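Contents: one structure, followed by commentary.
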Ligand SMILES: [Zn+2]
């Protein structure tokens, strides 16, 4: 009955993918206990750094990527949930189920990637395990893995970035394209589609 109805939890930043040096690596900033409490209160006092965040819900863990002052991720992971912040749960600034895209204002202390202007088709996918996978762009919204892998390796990487050779943001990883469970290609949200949503 109505008095007993719970509320959806907040997305919680539980770590980041460090790309600021010569070596990419994942860092955890909050354990599962703190994540649970933070998800319920929506209050996160942790300092955020970097461009690529690891985020969790009650059920899922995936990625969120800051581009031009917006932290972007996929609707099929975050739905309409708020994200926890130092002042409380923060409401989504963008919500587009048709693009499978959501976004919040980038957390204070985060760094944003710059949208790519190069038109290059040699791309690099950053995974939740700090893999940097070469990807050849094949369309506005798809690239092919130079070395196909089992889908397991890409699980939980939605919302991660596809990068230009110069480190610009080219797209947000949306979902893998598989055959017999083997990921041979990836579909992503082009950054141009993000810029249009941003006006
Ligand atoms: Zn570029």
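Numbering (the authors' numbering), first residue to last: 982 to 1180.
C-beta atoms are modelled at their ideal positions from N, C-alpha and C, and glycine is treated no differently.
Rounded C-alpha distance that separates residue 1087 from residue 1002 = Cα to Cα, the separation comes out at about 21 angstroms.
key: Closer than 7 angstroms: residue 1147 CB and nearest ligand 1 heavy atom   = The answer is yes for residue 1147.
ask   = Okay, do the stretch 1133-1144 and the stretch 1031-1040 touch, 3+ Cβ pairs below 8 angstroms being the bar?
value = Touching, yes.
query = For ligand 1, is there a heavy atom less than 7 angstroms away from the beta-carbon of residue 1181?
reply = Residue 1181 cannot be examined here, being either before or after the span of the chain that is shown, 982 to 1180.
message = Can you list, in chain order, the residues of its chain with a C-beta nearer than 6 angstroms to that of residue 1059? Leave out the 5 residues immediately preceding and following it.
response = These residues qualify, in order along the chain: 992 and 1083.
ask   = Can the beta-carbon of residue 1158 be found less than 8 angstroms from the beta-carbon of residue 1129?
value = Against a cut-off of 8 angstroms, the Cβ pair of residue 1129 and residue 1158 comes out as no contact.
ask   = Does the beta-carbon distance from residue 1029 to residue 1096 come in below 8 angstroms?
value = Cβ distance not < 8 angstroms, so residue 1029 and residue 1096 don't count as in contact.
ask   = Straight-line CA distance for residue 1046 to residue 1092?
value = If you draw a straight line from the Cα of residue 1046 to the Cα of residue 1092, it is about 9 angstroms long.
task = Return helix, strand or coil for residue 1141, following the three-state DSSP convention.
result = Coil.
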